[PDB]
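Novice: Sending over a structure as structure tokens; questions will come in a sec.
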Amino acid sequence: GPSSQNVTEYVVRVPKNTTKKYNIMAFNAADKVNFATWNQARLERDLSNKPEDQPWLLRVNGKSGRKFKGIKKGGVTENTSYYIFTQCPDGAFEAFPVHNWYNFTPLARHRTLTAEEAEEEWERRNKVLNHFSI
Amino acid sequence: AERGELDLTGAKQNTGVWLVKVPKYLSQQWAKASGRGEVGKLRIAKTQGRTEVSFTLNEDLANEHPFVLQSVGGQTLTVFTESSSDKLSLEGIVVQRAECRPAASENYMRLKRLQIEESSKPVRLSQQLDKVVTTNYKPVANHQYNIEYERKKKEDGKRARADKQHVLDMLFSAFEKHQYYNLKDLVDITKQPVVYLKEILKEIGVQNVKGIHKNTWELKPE
Amino acid sequence: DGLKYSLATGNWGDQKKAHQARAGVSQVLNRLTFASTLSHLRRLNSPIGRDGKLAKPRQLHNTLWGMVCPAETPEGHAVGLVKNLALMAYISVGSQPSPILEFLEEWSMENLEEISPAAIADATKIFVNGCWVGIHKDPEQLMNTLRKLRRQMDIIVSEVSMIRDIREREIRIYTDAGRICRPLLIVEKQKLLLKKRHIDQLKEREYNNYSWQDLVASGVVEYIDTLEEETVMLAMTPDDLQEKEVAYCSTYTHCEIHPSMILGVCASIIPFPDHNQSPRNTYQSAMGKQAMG
Amino acid sequence: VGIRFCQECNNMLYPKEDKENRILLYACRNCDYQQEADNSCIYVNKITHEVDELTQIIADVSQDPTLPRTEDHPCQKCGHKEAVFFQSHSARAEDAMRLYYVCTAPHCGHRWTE
Amino acid sequence: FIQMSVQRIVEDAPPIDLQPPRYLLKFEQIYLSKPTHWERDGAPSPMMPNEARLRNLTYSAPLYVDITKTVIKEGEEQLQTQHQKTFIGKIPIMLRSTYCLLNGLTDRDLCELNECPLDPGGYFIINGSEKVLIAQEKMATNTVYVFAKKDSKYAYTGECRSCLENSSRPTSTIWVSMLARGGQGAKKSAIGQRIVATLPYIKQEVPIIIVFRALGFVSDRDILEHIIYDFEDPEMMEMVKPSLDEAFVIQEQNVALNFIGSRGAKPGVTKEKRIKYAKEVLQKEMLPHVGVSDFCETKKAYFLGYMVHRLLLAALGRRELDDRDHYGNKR
Ligand SMILES: [Zn+2]
Ligand SMILES: [Zn+2]
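Chains as they are written, first to last, in full-length UniProt numbering: chain A, 5 to 54, 93 to 176; chain B, 2 to 64, 80 to 238; chain C, 519 to 811; chain D, 12 to 125; chain E, 127 to 145, 158 to 469.
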């Protein structure tokens, strides 16, 4: 087979400089997101925190077509750097440093804030259960 | 064209990228990348029952690393970027993850020696002194005291007591800015002593606390 | 005048706030006789209030096999709440557990962050100093390697204790301080790692400088703390059990140096202690804290 | 005895039903994904709780240095004649001095009770 | 204490900031010099111990730190003047220690100084009187222990002494009790046998699922696998389920923080403030050894789930309850 006899040899390069700081996007595979359905996307730092530390806000297919929140990982180069390896037309490999790791989680559709009154309603339901006796 | 606008080209191209974990000491070797940034040559050998990917350092960078392939399942990983021109771009989706380990050689012998060299700065230590260091010197005028003296002299305390009508016109300009004025702010405005300033302020109007303290001074209604 | 105040008055804490400060510590050394001086210097104090109605702590628990001298107990309101160490115990001084973590990195440890929550159930979870530090799939190997390491004085000091329990699959490696430790000999199959040549090197210590460090660094002695003592099988004497018959057991890992080193610095001045009643021997250690000389 | 988690909203599902077909259903209260209850059976409480330890014993107990090695009963599954015999080491201690034994032969683990 | 812990205590301490211009003080490496007593004239001099006992004199070695002072006065000019070896105080010294004066002197010498070679040492001559510090036993820390209280409604209760490693003295005791078949059943809502967790710096006991959600991991499935690792056991699902439905909609992490904030201190001032302290208290006060860093509370979650799981093991009888007298559970 071609892949069963795929012996090759290339040349690796980590350019000391890059005109595009490479990071990591991280959606879920249990979600099996069809990237083809992404006609467009918007990507902005999250506004709850009101920059480089800011969590990302991803808006795909419009403001409410698809939306995710990305949360930064604790560390990325604390012991070992992460590199992006890319194939070039000359066959040689090019390596790119990973600047950061962001975790993108599918956002709940309802969102909003339930508030203290909703918590109080749960407490009232608990009180009704407490009231029952003999 | 907007700042919060994300390019989806990479994704929509289904662009693939590779993800490799690299030790810091190697990564430190890589910050010294040879030439433009070339760090060496990769060696990929695939067989029917096995596949081997290896990296060898550039002769220059040097002055066999087998790869361990890792699963990327459980998390769809992609690579977004921020240009020097701050433009944003998605280069691709991660199709492979891997880790560079030693060739079944480095245990805790060569490692411990690299670690001994790695320690470099041990957390500091309590050293043993010989005899006793001098503690009390013989200064005549404390340095802090000498500095205030030059300032205390420069502006001899406060001032004298004269031209109250001329001062009143300046106070009236301050009163226009705020109907009630803090006494301390007025003290900064006038070089004359606080006691003399207070007498002029009492003449212009009775002090009013205003419930905020500071005895704010306001013009008399009369 | 904070350390002097506390080290003289014996009150542990700030001089002003005496609300949370215990006392009954930093007492004057007893110098009446040399034996009393040694006993006073080597003493623990279980810190429970004396009059909790129950007497659970005072009863000797079985886990004091050489950790504390059983005979030496004071009589009075302090009964069994002041114990003295056995002659060979050695409390740990304290180390940093960072080197050992780096070893398991090249020994197939998976940091918890990387591990999927799913795989945790099947394998065993190394815990270090009480902080979960990962999971390793085949436990025995890490252990068999770990002991080899402590035994040759490389990454881990003899003081680290590697305890591993089969039923719950947690290998906890504790490297903190204040852990009572007993040096015990190590035996492979049914053979003594200690061998004749070594005793010969120790006999001429004056010229060959073969110190106890050398005996340990040769891996013929190991410090087995109480947590390690939970998993191990010890033989009272090599002649008694490291020989074959219908053995009570054949898996003995460690055999004790001499059983009469489970008694402290003032019950070792007593000959034939087993022949005498045990209360009489306790009363005599108390009388020794009285004899002049 | 089992759980159902909302496939999408991800929440434990609850035994609900509709009078329309008098049919058992399991529904999350977080949102509306609901499915008819397939088991048709709900809460169960067992007081007797007679549980065989053969299930619980892990097979790794064979290597414990301390546990005994009798040669009396050879492995039924493999015939190595050595084994480790232990008592319950659990509660439900009203009637339990049984001797669950385990195959010690490396890589077997037959858990033969007796 | 001399060789290592003292350097660590001074080296690692809050930086001194005091500001217009501000003033910065940084401590460096502690030096400790052999014991010395300066007489009325003041020639500082050595104090062989025999004299200390006879002249009712405390044995103390001068401790000297080095402090560097850098000042920014809005002139954007830095002047880190360095003061070296500045007296901070004197520490008592054990006799026959690496840092005493009798260390390693051959017998002829100790005899010349009128000291006894056979004498053990290991005492502090404070106020001219030898003081021995009796080693005081302590309950062990860092281990989930399950101890069962006979009288209380809590059928079992698990605790973790919390210690953070040569850093800070305060130690916390998170408790993760279960309310199963204990004392009087009373009400406690429809739910029964609920896992409940007291925590550091709170007011009323907090339901466990909430704390987990508040740390995060809102997905009820995530909480479950963090505690019960294998879903195969039939008995396990029934045991973890009553408490699973404590209630919900506490799912927003912030909402959860608020519920715990309302479950804390006193009549809550404001949700924003309540969220702020509760948020920071969990990061430092709870499980400090597992998660000293505020970031990556992932480690804290695994340990919190572990205490809940170990309490379940005691309930189903898989692992026997722990002992309070074993000498391994004592430091
Ligand atoms: Zn739902
Ligand atoms: Zn078998």
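All C-beta atoms in this analysis are idealised placements derived from N, C-alpha and C, irrespective of residue type, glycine included.
#1: Below 8 Å, how does it come out for the region 9-27 of chain A and the region 86-101 of chain B: are there three or more Cβ pairs, yes or no?
#2: So if I measure from each beta-carbon to every heavy atom of ligand 2 and keep distances below 5 Å, which residues remain?
#3: Which residues, in order along the UniProt zinc finger region "TFIIS-type" (82-124) of chain D, keep a beta-carbon less than 9 Å from a beta-carbon of chain C?
#4: For a contact defined as C-beta to C-beta under 8 Å, what are the partners of E:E137 on chain B?
#5: Which residues bound the beta strand (DSSP E) around E:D143?
#6: Suppose the cutoff is 7 Å on Cβ atoms and the five residues either side in sequence are ignored; what does the same chain contact list for E:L395 look like?
#7: Output, in chain order, the set of chain D residues within a Cβ distance shorter than 7 Å of C:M751.
#8: Would you mind telling me which residues of chain B sit closer than 9 Å to C:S676, beta carbon to beta carbon, in chain order?
#9: Nearest-angstrom Cα distance between E:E423 and A:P97?
#10: Judging by CA-CA distance, which residue of C:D718, C:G696, C:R687, C:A589 is the nearest neighbour of C:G652?
#11: Give the straight-line distance between the Cα atoms of C:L664 and C:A526, rounded to the nearest whole angstrom.
#12: Looking at ligand 1, does it come within less than 7 Å of D:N50, judged from the CB to the closest heavy atom?
#13: Between which two residues does the alpha helix (DSSP H) harbouring C:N662 extend?
#14: Which residues, taken in chain order from the region 644-666 of chain C, show a beta carbon closer than 9 Å to some beta carbon of chain D?
#15: Could you check whether the Cβ of D:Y37 sits closer than 7 Å to any heavy atom belonging to ligand 1?
#16: Rounded to whole angstroms, how far is the Cβ of E:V356 from the Cβ of E:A335, which I believe are closer than 8 Å?
#17: Around the C-beta of E:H364, are 16 or more other C-beta atoms found within 10 angstroms, so that it is buried, or is it exposed?
#18: Starting from the beta carbon of A:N32, find every residue of chain B whose beta carbon is closer than 8 Å, and list them in chain order.
#19: Over the uninterrupted alpha helix (DSSP H) stretch that includes C:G806, give me the two end residues.
#20: I'd like to know whether the C-beta atoms of A:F138 and B:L43 end up nearer to each other than 8 Å.
#21: Distance cutoff 8 Å, beta carbons only. Does B:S100 sit that close to anything in chain A?
#22: CA-CA distance, C:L578 and C:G598?
#23: Contact between the region 158-165 of chain A and the region 300-313 of chain E is defined here as three or more beta-carbon pairs at a separation below 8 Å; is this criterion met?
#24: Which residue marks the beginning of the beta strand (DSSP E) containing B:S105, and which one marks its end?
#25: Which residues does DSSP list as the beta-bridge partners of A:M29?
#26: Exposed or buried, which one is C:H654 when buried takes at least 16 other CB atoms within 10 Å?
#27: For D:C20, is the beta carbon positioned less than 7 Å from some heavy atom of ligand 1?
#28: Would you verify that the beta carbon of B:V21 is, or is not, closer than 8 Å to some beta carbon of chain A?
#29: Could you check the C-alpha separation between A:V140 and B:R4 for me, to the nearest Å?
#30: Count the C-beta pairs between the region 186-195 of chain E and the region 247-257 of chain E that are closer than 8 Å, then say yes if the count reaches three, no if not.
#31: Write down every uninterrupted run of the beta strand (DSSP E) in the region 198-234 of chain B whose length is 3 residues or greater and which is fully enclosed by it, in chain order.
#32: Listed from N- to C-terminal order along the chain, which residues in the region 268-287 of chain E have their beta-carbon within a distance smaller than 8 Å of any beta-carbon of chain G?
#33: Taking 7 Å as the limit between beta carbons, can you name the residues of its chain near E:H427, skipping five residues before and five after?
#34: Is the beta carbon of E:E384 less than 8 Å from the beta carbon of E:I361?
#35: Quick check: does the Cβ of D:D43 come within less than 7 Å of any heavy atom belonging to ligand 3?
#36: Count the C-beta pairs between the region 129-145 of chain E and the region 174-181 of chain E that are closer than 8 Å, then say yes if the count reaches three, no if not.
Specialist: According to the structure data:
#1: yes
#2: D:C86, D:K88, D:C89, D:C114, D:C119, D:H121
#3: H100
#4: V139, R140
#5: 142-144
#6: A352, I413, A416, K417
#7: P76, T77
#8: Residues of chain B passing the Cβ test: none, with the nearest at roughly 17 Å.
#9: 26 Å
#10: C:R687
#11: 45 Å
#12: no
#13: 657-669
#14: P657, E658
#15: no
#16: The Cβ separation is near 17 Å, so there is no contact.
#17: buried
#18: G90, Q91, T92
#19: 796-806
#20: no
#21: yes
#22: 8 Å
#23: no
#24: 104-116
#25: B:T94
#26: buried
#27: yes
#28: yes
#29: 22 Å
#30: yes
#31: none
#32: The structure shown contains no chain G; its protein chains are A, B, C, D and E.
#33: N280, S300, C301, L302, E303
#34: no
#35: For ligand 3, the structure offers nothing, since it holds only ligand 1 and ligand 2.
#36: no
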